[PDB]
Amino acid sequence: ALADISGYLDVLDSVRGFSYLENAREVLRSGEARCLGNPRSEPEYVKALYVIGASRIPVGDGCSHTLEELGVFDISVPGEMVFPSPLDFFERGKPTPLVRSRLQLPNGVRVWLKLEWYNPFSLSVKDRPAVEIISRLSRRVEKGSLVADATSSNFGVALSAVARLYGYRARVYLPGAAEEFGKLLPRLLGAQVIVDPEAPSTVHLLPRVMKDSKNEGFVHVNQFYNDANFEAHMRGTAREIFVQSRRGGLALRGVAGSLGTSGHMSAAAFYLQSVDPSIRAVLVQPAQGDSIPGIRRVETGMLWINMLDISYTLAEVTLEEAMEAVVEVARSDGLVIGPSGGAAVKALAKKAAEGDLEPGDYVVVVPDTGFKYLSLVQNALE
Ligand SMILES: C=C(/N=C/c1c(COP(=O)(O)O)cnc(C)c1O)C(=O)O
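Residues numbered from 1 in each chain as written, not as in the entry; some residues may be left out. Heavy atoms only, no water.

- In the PDB archive, X-ray crystallography is given as the structure determination method for this entry, at a resolution of 2.14 Å.

- Under the annotation held in the PDB entry, the protein chain carries the name Protein CysO and is attributed to Aeropyrum pernix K1.
- For this structure, the PDB header gives the title as "Crystal Structure of O-Phoshoserine Sulfhydrylase from Aeropyrum pernix in Complexed with the alpha-Aminoacrylate Intermediate".
- Note on the protein chain: under the UniProt heading Function, the record states "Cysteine synthase that can also catalyze the synthesis of S-sulfo-L-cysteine from thiosulfate and O(3)-acetyl-L-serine, as well as the sulfhydrylation of L-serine by sulfide." (UniProt positions renumbered as here; feature names shortened; annotations may be inferred.)

**Some details on the domain arrangement of the protein chain**
And then number 1: Looking at the protein chain, the domain boundaries give domain 1 (1–77), domain 2 (78–126 + 227–382) and domain 3 (127–226).
And then number 2: Each of domain 2 and domain 3 has a C-alpha centre, and the two are 23 Å apart.
And then number 3: In this assembly, 36 residues from domain 2 lie in contact with 24 residues from domain 3.
And then number 4: Carbon and sulfur atoms make up 60% of the area that domain 2 and domain 3 hide from each other, which totals about 2400 Å².
And then number 5: Per-residue buried area on domain 2 facing domain 3 is highest for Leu87, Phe121 and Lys126; these three make up 28% of the total on that side.
And then number 6: Note that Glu116 is salt-bridged to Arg128, the shortest N-O span being 2.8 Å.
And then number 7: The tally of links between domain 2 and domain 3 comes to 20 residue pairs in polar contact. (Domains from an automatic or database assignment. Contact = heavy atoms within 4.5 Å. Buried area = accessible area lost by both parts, 1.4 Å probe. Salt bridge = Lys/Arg side-chain N within 4 Å of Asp/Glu carboxyl O. Polar contact = N/O pair within 3.5 Å; in protein donor to acceptor, adjacent residues only side chain to side chain.)

**Focus: the packing of aromatic side chains**
And then number 1: For the structure on display, the rule yields 8 aromatic pairs.
And then number 2: Across the ring face of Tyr45, the terminal group of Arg34 is positioned such that the distance to the ring centre comes to 4.5 Å. (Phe/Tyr/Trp six-rings, centres within 6.5 Å; stacked < 30°, edge-to-face > 60°. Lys NZ or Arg CZ within 6 Å of the ring centre and 35° of its normal.)

**Observations concerning the UniProt feature "binding site: pyridoxal 5'-phosphate" in the protein chain**
And then number 1: UniProt's entry tags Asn154, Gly260, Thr261, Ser262, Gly263, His264 and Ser340 with the feature "binding site: pyridoxal 5'-phosphate", counted in the numbering of this structure. On the basis of their most widely separated C-alpha atoms, the annotated residues across 187 residues gather in one place, lying no more than 14.3 Å apart.
And then number 2: If you trace the backbone, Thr261 turns up in the loop between β11 (252–257) and α10 (263–275).
And then number 3: The exposure class assigned to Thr261 is buried, which follows from its relative accessible area of 6%.
And then number 4: What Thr261 contacts, discounting residues up to four positions off in sequence, is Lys126, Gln223, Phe224, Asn229, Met302, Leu303 and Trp304.
And then number 5: At 3.0 Å, the side chain of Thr261 and the side chain of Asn229 are in polar contact. (Helix = DSSP H or I, 4+ residues; strand = E, 2+ residues; numbered from the N terminus. Buried < 20%, exposed > 50% of the residue type's maximum accessible area, 1.4 Å probe, protein only.)

**A closer look at the nonpolar core**
And then number 1: Within the largest apolar cluster, 59 residues are counted, with the highest numbers of intra-cluster contacts made by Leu49, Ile52 and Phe230.
And then number 2: The biggest single contributor to this core is α10, with 8 residues.
And then number 3: The two domains that each donate at least three residues to this core are domain 1 (1–77) and domain 2 (78–126 + 227–382).
And then number 4: If near-sequence neighbours (up to four positions away) are discounted, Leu49 is found in contact with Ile5, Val27, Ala33, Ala54, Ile57, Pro58 and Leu70.
And then number 5: Formed by 36 residues, the second largest nonpolar core is a distinct cluster that contains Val109, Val284, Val329 and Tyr373. (Core = buried A, V, L, I, M, F, W, Y, C linked by side-chain atoms within 4.5 Å.)

**Observations regarding the site of the ligand**
And then number 1: Among the 20 residues in the neighbourhood of the ligand, the closest are listed as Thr151, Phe155, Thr261, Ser262 and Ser340.
And then number 2: One nitrogen or oxygen atom from the main chain of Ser152 is found 3.1 Å from an oxygen atom belonging to the ligand.
And then number 3: Between the ligand and the protein, one listed contact pairs an oxygen atom with a side-chain N or O atom of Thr261 at 2.6 Å.
And then number 4: For the ligand, the accessible surface in isolation is 480 Å², of which the surrounding protein chains cover 99%.
And then number 5: Of all the secondary-structure elements, those providing two or more residues to the shell around the ligand are α6 (154–165) and α10.
And then number 6: Tallied by class, residues from the shell around the ligand come to 6 nonpolar, 12 polar and 2 charged. (Near = heavy atom within 4 Å. Areas by Shrake-Rupley, 256 points an atom, 1.4 Å probe, with all protein chains shown as cover. Nonpolar A, V, L, I, M, F, W, Y, C, P; charged D, E, K, R; others polar.)

**Here's the deal with a negative patch on the surface**
And then number 1: Residues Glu320, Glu324, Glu328 and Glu382 make up a contiguous surface patch of negative charge.
And then number 2: With respect to the helices and strands, the residue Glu324 is situated in helix α12 (residues 319–333).
And then number 3: Overall, the relative accessible area of 40% leaves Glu324 in the partly exposed class. (Patch = residues over 30% accessible without salt bridge, like charges linked within 9 Å, V, L, I, M, F, W, Y side chains within 5 Å. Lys, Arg positive; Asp, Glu negative; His and termini not counted. Charge placed at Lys NZ, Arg CZ, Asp CG, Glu CD.)

Here it is as structure tokens:
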């Protein structure tokens, strides 16, 4: 029949590698999953179902079940929006909103904005990998232990709140150019903060964090390499775009977004392209010389967007163009989005103007709120 997946999640601690994603892709492509005789004997298939958002798995001898039958489309949110704890609110208070913009783009490209600031700890998309990452730790790593990572600002905040709710201590490392909220808010939340005014980037800090890890023995959760980041976005962000698009009546032709770790947009593109491989992924390339907070250029070794069978198209965006999009979204929708969000809107507008996109509905993932970036806002005004 069906069994509750929550009983089988130790496969998250034992499955390794990307091969399980073949099952994920096929179940999503076909719209259904085959019965697992002994579910414990097919740990890859079980992880595949978890990662696409199933809450139930098919077991025993018997027939295949559809995505809907596996819970992929179940409603989690209580309609009255009352929650017994902050973590329960994070988990069941989903999806994040998907809102049609009044901003007009060329060639029949209709914009919808997915507002990831609607996450309770960091007011950003980074809550999701923080929760998934800390959760995966929490029965191999003893309480009281120190966990740490490098961050542009958002993950550090998320990691600080979530580490403490799970009984861990945290430390976050930031580059000198990070926003003030990233430097300060983790201390509010009880974490240690190290700012390296030398470091020109978040990734530039990773050798130092690794070395301190070896010396001091804290757990480096490494969001740039930890697959729980990608997994969080498969079951959360990406599934939601899929479910929201079907249930909302959208003619989904593409998603648009930005890349730091590449975690959220790799998941969105991977998930959606499993269901329909023509769905586009338009991704921001910050123009050379420019810094758009939280994000960076593909070249390098970002993990998932390169290693996974993902189709995408890049558009160059300058910081000035990104902030101009912030301005225009604000004046069109009354919504105040962050620079990376503006950059994504602009990348979609550019591809739309070139004639490269089928008319239809396009989802832009807006990683956070522009309230956090006042000095960039001021510059953009003049
Ligand atoms: C790497 C981080 N942030 C990613 C981020 C991103 C990129 O998201 P992914 O790491 O999932 O690629 C986009 N926009 C903003 C405002 C962000 O903070 C961090 O907060 O450490």
